[PDB]
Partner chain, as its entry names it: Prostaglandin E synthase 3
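Here you get one chain, nothing else, as structure tokens; it is the form deposited without its partner chain.
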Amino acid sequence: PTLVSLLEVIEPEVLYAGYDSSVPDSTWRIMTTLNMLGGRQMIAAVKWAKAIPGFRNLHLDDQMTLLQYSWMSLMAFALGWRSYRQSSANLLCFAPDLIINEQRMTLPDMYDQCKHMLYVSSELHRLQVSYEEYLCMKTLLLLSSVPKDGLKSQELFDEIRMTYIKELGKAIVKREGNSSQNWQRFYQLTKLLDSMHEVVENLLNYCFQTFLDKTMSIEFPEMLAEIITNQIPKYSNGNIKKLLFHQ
């Protein structure tokens, strides 16, 4: 069984928001539902990561570390792919029963957060990212940031990350282009991976503020509250090394 096929079989199932369309929309209502849905996506993301070959071989602390750093990167990227495949328009397919379209995009403060997610689906559509390239890239996003002083199993992590970088290269070569076109595609896809750090920084700026300001009454489920509570001090103590392919 090929490595990319083992990443394919563990793709998480499509979760529904449980959004009542008979009651009118509001930003608060949509954001609350999406946060609750996001908690369920993150619980599925742990099950997913545990089945990634090599992930379980890292120290338990490194497994926790990587999921906590990469959570929004994984979600933005999985959402971008889902949106790119299902609509080809300025649409965010958070769930089959909860699609963020142009009308929903005009709701107060909806766009300022949704635009970062739209950038992701826009870039996958612009670069015509394949399913195999996407699977390699998403596993690489889990391995995109480490602590300032590295991981407990740093040597093994560097070996696993190199393996998945080689996997991305194999998915690119399958597009049957020449040596020059292949090198250009590698450059383009790793440039998009690099840009995910900025996409996430913008998402987290708004997300952290919303979580901390209790007067907004925006609820987060236990899974997300726990990740945000862990991550906020790490960012303020500069405890994050963001791995980049380019300078």
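Numbering follows the first chain given and starts at 1.
J.: Can you let me know which of the two, 141 to 149 or 70 to 78, has the higher average C-alpha B-factor in the entry?
T.: The recorded data point to 141 to 149.
J.: Look over 61 to 69 and 185 to 193 in the entry and identify the one with the greater average Cα temperature factor.
T.: The stretch with the larger mean CA B-factor is 185 to 193.
J.: Highest Cα temperature factor in the entry, among the options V23, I232, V14, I10: which one is it?
T.: The C-alpha B-factor peaks, among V23, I232, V14, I10, at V23.
J.: Of the three thirds of its chain by CA temperature factor, lowest, middle or highest, which one includes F94?
T.: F94: CA B-factor falls in the lowest third of its chain.
J.: Based on the deposited C-alpha B factors for this chain, I'd like to know if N178 is in the lowest, middle or highest third.
T.: Highest third, going by the recorded CA B-factors of the chain.
The following text describes the form solved in complex with its partner chain, which does not appear among the structures shown.
J.: Which residue, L127, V146, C114, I165, has a heavy atom that falls within 4.5 Å of its partner chain in the deposited bound form?
T.: Contact check passes for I165.
J.: Contact with its partner chain in the deposited bound form for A89, defined as at least one heavy atom pair within 4.5 Å: yes or no?
T.: So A89 does not count as contacting its partner chain.
J.: Can you work out whether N182 and its partner chain are in contact in the deposited bound form, taking contact to mean some heavy atom pair no more than 4.5 Å apart?
T.: Contact check for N182: yes, within 4.5 Å of its partner chain in the deposited bound form.
J.: Taking the shortest heavy atom distance, is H246 within 4.5 Å of its partner chain in the deposited bound form?
T.: Because a heavy atom of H246 falls inside 4.5 Å of its partner chain in the deposited bound form, the answer is yes.
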